[PDB]
Amino acid sequence: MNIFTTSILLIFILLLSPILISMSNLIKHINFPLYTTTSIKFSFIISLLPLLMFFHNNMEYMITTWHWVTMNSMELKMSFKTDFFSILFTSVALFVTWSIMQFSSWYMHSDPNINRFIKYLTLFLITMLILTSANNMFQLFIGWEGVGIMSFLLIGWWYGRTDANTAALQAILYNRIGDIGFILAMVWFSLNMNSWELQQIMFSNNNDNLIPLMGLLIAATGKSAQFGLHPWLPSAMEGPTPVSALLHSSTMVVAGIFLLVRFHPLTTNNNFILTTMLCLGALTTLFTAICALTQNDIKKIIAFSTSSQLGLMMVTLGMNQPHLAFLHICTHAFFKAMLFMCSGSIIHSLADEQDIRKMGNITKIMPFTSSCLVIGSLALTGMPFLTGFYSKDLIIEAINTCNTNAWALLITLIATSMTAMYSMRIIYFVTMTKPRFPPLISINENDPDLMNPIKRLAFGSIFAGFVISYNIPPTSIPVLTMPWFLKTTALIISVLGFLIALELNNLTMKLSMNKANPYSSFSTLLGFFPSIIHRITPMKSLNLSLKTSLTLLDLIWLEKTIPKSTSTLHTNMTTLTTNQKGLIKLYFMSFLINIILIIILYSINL
Amino acid sequence: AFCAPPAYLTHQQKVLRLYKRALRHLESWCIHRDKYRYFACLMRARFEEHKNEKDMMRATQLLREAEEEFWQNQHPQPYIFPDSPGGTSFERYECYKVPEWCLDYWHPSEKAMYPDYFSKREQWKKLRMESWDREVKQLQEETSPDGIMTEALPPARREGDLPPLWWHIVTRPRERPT
Amino acid sequence: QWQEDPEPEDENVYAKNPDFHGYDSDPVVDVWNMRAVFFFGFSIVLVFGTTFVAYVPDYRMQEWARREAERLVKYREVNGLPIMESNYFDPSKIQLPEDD
Amino acid sequence: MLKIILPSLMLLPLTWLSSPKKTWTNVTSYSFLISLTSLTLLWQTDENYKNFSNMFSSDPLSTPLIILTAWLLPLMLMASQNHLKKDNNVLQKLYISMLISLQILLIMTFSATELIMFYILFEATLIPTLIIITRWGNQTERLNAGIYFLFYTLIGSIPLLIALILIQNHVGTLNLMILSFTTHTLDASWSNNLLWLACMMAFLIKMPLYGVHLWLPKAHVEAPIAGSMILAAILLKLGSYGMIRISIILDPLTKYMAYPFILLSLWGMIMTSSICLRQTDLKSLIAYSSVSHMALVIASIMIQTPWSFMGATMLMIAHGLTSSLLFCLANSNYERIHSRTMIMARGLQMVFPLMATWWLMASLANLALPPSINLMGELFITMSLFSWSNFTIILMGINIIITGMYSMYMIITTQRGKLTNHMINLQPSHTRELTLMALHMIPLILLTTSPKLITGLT
Amino acid sequence: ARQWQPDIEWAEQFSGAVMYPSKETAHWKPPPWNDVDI
Amino acid sequence: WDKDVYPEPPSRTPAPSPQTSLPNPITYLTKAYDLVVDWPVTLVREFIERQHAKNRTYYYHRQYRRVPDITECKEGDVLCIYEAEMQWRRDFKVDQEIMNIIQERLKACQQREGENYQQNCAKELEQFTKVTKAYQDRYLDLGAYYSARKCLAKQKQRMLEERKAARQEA
Amino acid sequence: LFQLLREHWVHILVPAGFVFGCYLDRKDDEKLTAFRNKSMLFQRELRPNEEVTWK
Ligand SMILES: CCCCCCCCCCCCCCCCCC(=O)OC[C@H](COP(=O)(O)OCCN)OC(=O)CCCCCCCCCCCCCCCCC
Ligand SMILES: CCCCCCCCCCCCCCCCCC(=O)OC[C@H](COP(=O)(O)OCCN)OC(=O)CCCCCCCCCCCCCCCCC
């Protein structure tokens, strides 16, 4: 059905159209923000047409558009897969993007370079979708590196600020450590089984496939902020709030989770790596959640929640439940996007206050965002019958029913109670409290560009879990049979998580115990991974270059040995041979010596 | 940022600058307001007593134990305002603070529009060159009679003279370029 | 002191010749040294060159080999011969060292 | 191939005979077309390589370069029109001619059948280069740099001279065609183990290996922009082209006589990449970037697997174009700033909006962003190196992380951050500066569309 | 801003009857320009 | 494209069997695509091909005929061996696009048969080893300086083994 | 016509090189014309009224 193929190729052409308009002089004359917002809107509708097709009958289309090099045995070609993962994600991503660009127009209003900002956001979407629908992994690499570079360009939008520059260099470094893993996997699949195309890599099921998948797991940990190198996604919040929503919140981070689902057929064979990520996903879930409890920056708390939810997503991939992990990716995108733009609304409406401490009683001052915030908060806490509930409790009870690390099982559940706690922290401090904002009040959220997108995503946050769960193909053969405590555990732990947090917030209002330091710190300054591993490594890695590798072995030792020594050896030799009295007697006698030696040279060799 | 740094700090400015860090690091612990305003007038009490200690030695022994009490009772994430160091919005709108000596390489076409703008700009540049001599001379005639020099610069002291080394405190790129 | 010149300043060529293109100080040479460089540079090397390079046909035979394979794979499969026999130089031609 | 060459020679008469005012445009316009005639060699519709005549040949490995050598002469003459525009009208016509002779000689060296024709032309290229570096070099130390560039190459060169005359006696002709279709198998003696080192060492020296690369940082530092472009883009690659054509003979020894260099290069790749991380002179950092990205090449021309060689050919052409682009933009900052220091000049995008886009694309070419021939190249060398020993990824894995860090640091501390308060005001960008860049990157974009052309002999 | 042309000091070294003057080798002072001795 | 060099299985499609009153949102759209996207294009395309068929031209394949190989070729005779290293370097590619097709024919057979690839697609993976075990046995150890003399030796080093092992079995 | 003052005197220098170049490269062929058509892969028999295969 060409309608299907053409549609998958068309979304890319339509989104690339804003990029070249800015290349030509035409954008000055038309409005770039409005034009870009409309075309993503049309791209979402175009994406819907294949999505309905896939629902009718499950067909997967591999589209080989262009050939790039024959390269002898390994031919390289540009291929877009249209498997359930690719088209489901393509639709969810563009809806979020359509929401954010409208938000972007309101948020960055008064920025002198709005058009460039919108331009990079769509370039990000083009790389993100290429990363999504990539058959051969070389294209997956183009997407993997591609979102990394544009994140660097967009985290540090405001280049002047060194803090933004530091975060951008952070993000590239963590991503590049991840890139080493993908290169290792790519090289192993460029040798052994031979083609970077997924359709053939999957014929490596009954092989070792540990050297390679360990590489992809390493790539995922860097891209998805698992316990190892978890800090750059918190650091990424130095970016503009809309950038934080579409890339820090949904498309960029889920890329690591998406890669492993693509390569799962291979993942199911190796038991060792499955528990490895189950284990690290579990550690990141709580580690990030505990850090979020004491953070006082609104954007920071949401970002930690982005990492904690992906930690749960990592856990399901670790328990070899790929389809549900993808289901959470889609539902995760709707609500996290909402909360970040919700705070975008609060931060912009207030005098750019990004701290929960000075922000209060937004519920009465701004009901529209507060309503959106609690809708999102409950979805994050898996309120029954909301989008989180359809996918999240499936994951919870999956854990409660599988054979798993006891430590992983316990931490994931309290991580769920912690998600309710920090969710409670945000609404109590941000919304339900006496106002503590600066005294002049100038709040307006009436702008259509704020409401509309927030309104549209809110509709998605309310109904998406209903629609996606029923429509997707039956998969995973879930276990609905459980003792009732386990069946309802997700619901109860979420309930008491808020209950306990609400209790603690009340304790704050009293006039007592101004200071409270119960390991609060470990929690508040990111588990101290940032304070220690960011000051030692960059210090011991640069000291060795300047002091040891550059000046010691370069410069002096490699210049005194080869280039300089040969300089000296000769210089000294000329000094002795050319220091001559000039007297004839001396010189002549040397002629005597010569005659003598030559007489002998003949004599002995007679 | 405006005034110049004093060489050594007095006892007072060290005490009175703790009253700021302290009270401001007490409003991170006391997230609410009534609790804070309470727990803080109790802070002043601490500083209010031991105000009239005349025994310097003692005073510098209350200060040295105050700033260690504080270091161990500080909040890791205090409330630092935006536009202040470390916290956000600090260098945000610096990408848009171009340094104003760049409008001098504009093409005669660009400066063709925006006409009256450059008519006033050329006046100010006449002001700057018209006084560099009287300024530097002032800066010098009033030079220190000793090696003791502070970064403080003199006012005008005569009509028509423009308070010196002024071209970059005035003509500063505007804070929010937006 | 040894006589030598005082440092020569670098002129703001953009002060006069406000249309300076960076090639030469007097204006007409500049204009005619970019009107010929953008042209011979971009207009008939990046364009005519890429046109010609794009149309080089079956470069290094890799357009020929995707057919010869197809008729060999067509011929070998239908006649039942192995698609890529395992020895290329026929064993009969080889005169292996007999003793060893 | 005498159209890529004779018309070139005639450039010299044109630089001299032409008017002082019109000398620049006649030379630059004509060599752009000289590059267009060079493109004809790319028409290879068959495997049989093109033996134009007895002495002159062009095979897949040389053709991708001859075109680059012809392409940069236009660019070199466009990047040096500023400095060298303060000269006496006879110093210019000397510089223009010097640049012209480099590609005449380099075109022939890359298009030479007899290996000693390579040697005579190979070592001749030093004369034009040393003059460009020493005569017009800005710093007090170019006399020194020139000495380093002449001796390191020369001491390596005389061993190759003895070796090639040696094989001519052993085989009977230094004709690359025959030497290939003839049985020259070294016998792993102690002596042969020396022959191999004699032939490879001269090539390994101008292709900076970790042990002998000190000449390149010193040379590019004080060299004028045109000399630094030539050294990075064509001069260093002369060493690689030589290693590809000379190891056709000495076939058995490199299996075991390469370990020393391979390890020298891969560890060298890490240390050279790292010292880029804290080097204050921008031209210094690009030069060590050049050493590391060329250390990868000597580690693929020695593993000797089809992909290595293909990776090498991809990377050499690609890194050549990228490095120049970096050396060319470094010069544009140097001429307005008047200092090579990286720390000064912070925030330029705020004042030079586009040059910064060129800086960004050059850095992304410098690090391996994927839809670029630069990445395809490294991806391939990486693969083979992995095949040689799976452990190689660790060392070729510390280099990728470091390469990302220094490439972006050049962008972060030169083209971002707050603007420098008031250095000599930075005059706007000339259109020549920007084109000289565009001319470097537009070909990098076009080649990445069809990588097959620069794919090597393998 | 000026390619550094050699100053007097760079020139000085090349004077003296021997480029690399060692102990009791600096004693030698350049030969008379006229090629005639006192 | 030759249905036999790039095969392709016959298609079996379940017939439409709607069981809902609601109207399928796909069928309507297609009815449009077919009119506003296909018909317009279809019209142009034809008009292309008739423009082509007026001055229809032809291009042939350049049959390269066989020629003496290395084993027939004198030692040191650079003429004959040159003609014979090309004849091989040529078949080093014809024997490589063949392997390109098995790389491809398979890839399709695992997209066309998902969840069954483990089984239905074993007609080709049996061939991907019947072809890979051969490509490994004539072209693999060789350096980047692959030449017919070296394949002649890579083989003949092993023809000893298919003669020493055989003799050994005795 | 050879307008002087660098009018066509010079502009025709490089172009002329090309022609001379092409004149030699087609002359080199004339020399290396053994095996004109005596090569094995391409040894067709002369088609009627055709002097030589490749000139
Ligand atoms: C999972 C269980 C085990 C858990 C522990 C396992 C180890 C986890 C960590 C492994 C190593 C991760 C990378 C280490 C460096 C991390 C990046 C970094 O430190 O950069 C941050 C630095 C300062 O930024 P920051 O402290 O965030 O503050 C910004 C706001 N003030 O900003 C900077 O620019 C610093 C300087 C950067 C440029 C030079 C950096 C060194 C480059 C070469 C070395 C790279 C790191 C070592 C090699 C890779 C190791 C994996
Ligand atoms: C030659 C040796 C090296 C010489 C270096 C210096 C040469 C300078 C002078 C000559 C310049 C022109 C000649 C070199 C460029 C050649 C361009 C070319 O060959 O295009 C071929 C392409 C047809 O594609 P083809 O590969 O034939 O089809 C594959 C079938 N399997 O035809 C086309 O598609 C043309 C398309 C034009 C626009 C293409 C833009 C595509 C950009 C894609 C990448 C975008 C992202 C790049 C990121 C880079 C990051 C650094």
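Reading the values: the criteria
- Residues numbered from 1 in each chain as written, not as in the entry; some residues may be left out.
- Chains lettered and ligands numbered in written order.
- Part of a larger assembly, values for the part shown.
- Heavy atoms only, no water.
- UniProt positions renumbered as here; feature names shortened; annotations may be inferred.
- Helix = DSSP H or I, 4+ residues; strand = E, 2+ residues; numbered from the N terminus.
- Rg over C-alpha atoms; globule rule 2.2 N^0.38 Å.
- Buried < 20%, exposed > 50% of the residue type's maximum accessible area, 1.4 Å probe, protein only.
- Areas by Shrake-Rupley, 256 points an atom, 1.4 Å probe, with all protein chains shown as cover.
- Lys, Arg positive; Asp, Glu negative; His and termini not counted.
- Charge placed at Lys NZ, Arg CZ, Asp CG, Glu CD.
- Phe/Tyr/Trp six-rings, centres within 6.5 Å; stacked < 30°, edge-to-face > 60°.
- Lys NZ or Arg CZ within 6 Å of the ring centre and 35° of its normal.
- Pairing = 2+ DSSP bridges.
- Disulfide = S-S within 2.5 Å.

- Header annotation of the entry names cryo-EM as the structure determination method and lists the resolution as 3.3 Å.

- Going by the annotation in the PDB entry, the name recorded for chain C is NADH dehydrogenase [ubiquinone] 1 beta subcomplex subunit 11, mitochondrial, with Mus musculus given as the source organism.
- Here is the UniProt Function comment for chain C, exactly as written: "Accessory subunit of the mitochondrial membrane respiratory chain NADH dehydrogenase (Complex I), that is believed not to be involved in catalysis. Complex I functions in the transfer of electrons from NADH to the respiratory chain. The immediate electron acceptor for the enzyme is believed to be ubiquinone."
- Recorded under Sequence similarities, the UniProt text for chain C is reproduced unchanged: "Belongs to the complex I NDUFB11 subunit family."

- As recorded in the PDB entry, chain B goes by the name NADH dehydrogenase [ubiquinone] 1 beta subcomplex subunit 9, listed as coming from Mus musculus.
- In its Subcellular location section, UniProt records this for chain B: "Mitochondrion inner membrane".
- For the record of chain B, the UniProt heading Sequence similarities holds the text "Belongs to the complex I LYR family."

1. Some thoughts on the overall build of chain C
Piece 1. When you go through chain C residue by residue, the secondary structure sums to four helices and zero strands.
Piece 2. Here the C-alpha atoms of chain C give a radius of gyration of 33 Å, more than 25% beyond the 13 Å that 2.2 N^0.38 yields for 100 residues.
Piece 3. If you line up chain C on its principal axes, its C-alpha atoms span 90 × 45 × 15 Å.
Piece 4. Expressed as a percentage of its 100 residues, the buried residues of chain C come to 38%.
Piece 5. Put simply, chain C shows about 6,100 Å² of open surface, and 56% of that area lies on carbon and sulfur atoms.
Piece 6. The average position of the 9 basic charges and that of the 20 acidic charges among the side chains of chain C differ by 19 Å.

2. Thoughts on the packing of aromatic side chains
Piece 1. The full count for this structure, using the stated rule, is 75 aromatic pairs over all chains.
Piece 2. Residues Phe85 of chain A and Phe258 of chain A carry aromatic rings whose centres are separated by 6.3 Å and whose planes lie at 75 degrees to one another, so their mutual orientation is edge-to-face. Of this pair, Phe85 of chain A sits in helix α4 (residues 84-107) while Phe258 of chain A sits in helix α12 (residues 254-262), and the two are 173 residues apart along the sequence.
Piece 3. On the numbers, 5.3 Å between centres and 55 degrees between planes, the contact of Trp64 of chain C with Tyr64 of chain F is tilted. Of this pair, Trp64 of chain C sits in the loop between α3 (48-54) and α4 (65-79) while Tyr64 of chain F is found in the loop between α1 (25-54) and α2 (78-108), placing the two residues in two different chains. Taken individually, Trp64 of chain C and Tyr64 of chain F each receive the classification buried, so the pair is uniform in this respect.
Piece 4. Feature note: the residues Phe54, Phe84, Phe85, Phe89, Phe258 and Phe326 of chain A constitute an aromatic cluster, connected by ring pairs.
Piece 5. Sitting over the ring of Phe352 of chain D, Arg336 of chain D keeps its end group 4.6 Å from the ring centre.

3. Some thoughts on the pairing of strand β1 (residues 62-69) of chain A
All names here are of chain A.
Piece 1. Where β1 lies against strand β2 (residues 76-81), six bridges are found, and the strand directions are antiparallel. Bridge assignment links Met62 to a residue of β2, and that residue is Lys81.
Piece 2. Hairpin geometry of β1 and β2 is characterised by an intervening segment of six residues between the two adjacent antiparallel strands and by a positive phi of about 55 degrees at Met71.

4. Quick word on the state of the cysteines
Piece 1. Under the definition given, this model contains two disulfides over all chains.
Piece 2. The disulfide bridge from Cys109 of chain F ends at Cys121 of chain F, spanning 2.0 Å between sulfur atoms. Here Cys109 of chain F, found in the loop between α2 and α3 (123-135), pairs with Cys121 of chain F, found in the loop between α2 and α3; they are 12 residues apart in sequence, far enough to count as distant.
Piece 3. The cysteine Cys102 of chain B is free of any disulfide, with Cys95 of chain B supplying the nearest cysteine sulfur at 15 Å.
Piece 4. Here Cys276 of chain D stays free of any disulfide, with the sulfur of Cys328 of chain D as its closest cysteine sulfur at 19 Å.
Piece 5. A relative accessible area of 0% means that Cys276 of chain D is categorised as buried.

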